[PDB]
């Protein structure tokens, strides 16, 4: 009998572009796995539900449909525009596995709130908190390697009002002290930003060693750099998420050069990572996003290994067999194109390297990049052993 895998993804609405890549990624993994017989000779079938870039009610409806109507044994998502815990009760109540990369601390706390019940839901990246803790670790390593010499001990943190930006910003604020940084500014701005002037005046009145912007819109970030660069402070700049996108580099132009950014789950640029990216672009075109497609690709591979080891998926409501599958997933150490996927037992979230573990065979690399040319993707500068270059002092420093 075929193994039915359901994918609730935002195929329409404001984040359609990511939803389409989640669909492409999971299709590619299913095709590769099926070409060698599927899971224990059972072919993988994929059913999709469009969450329309809408919120909790629609995500739940979509997940429920995949189970009730399509008999999905497992749900695999990238992210959807929900708080992060919509899937847990849907999975638990149907005795199925759900995997997501919503990238949320609320997932960790939900699983910890009732681990006996929430045995089936896994977050296959680390929560967003690691963007903050991992930034501090990154900063330590480039200082220790001689690549960055702090002009002073001050860090400035600039956040939007939402939970993702705020959680990242507070992780950095809270951790700064043990790395010998004082927070010179913690600033919350209204979004979208029309003018960074007030923030920029505070920065220039008290030039920090490091500026972190956790507000993530690429256009707002480019406007920031264009206003910053009329009179830049002597500061390392890290921009959360948006700087990873062509749109940021297009709008900032040469002002993008020197900026750093990072992802807690991304394609490595070693042989295996390069092979995935090449194959993905051959299937879907050079403008397609491996950054989103690698997520559901990796998740389905992990699932396929765990389910095979357990003797196969359970049907909906076969809690005993799906618990066996979840046990295999919970102990899995799976090295794919994004690095090692391994779970914390207590949170059922991915281990992060080098922040939580010093061994890349035991956790997922938190990859940092630095822009060197407005026309190119940033170069990987952390963590060893995945660097393609070292951090280079920004041109404004």
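Numbering follows the first chain given and starts at 1.
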query	finding
Segment of higher mean CA temperature factor, 175-183 or 110-118	175-183
Average Cα temperature factor in the PDB entry - higher stretch of 77-85, 192-200	192-200
Of the residues 159, 298, 292, 240, the one carrying the largest Cα B-factor as recorded	159
Residue 356, C-alpha B-factor rank within chain (lowest, middle or highest third)	lowest
Position of residue 151 among the chain's modelled residues by C-alpha B-factor, lowest, middle or highest third	highest
Modelled-residue ranking by C-alpha temperature factor, third containing residue 327	lowest
Residue 244 CA temperature factor, ranked by third within the chain	middle
Where the record places residue 305 (Cα B-factor, split into thirds across the chain)	lowest
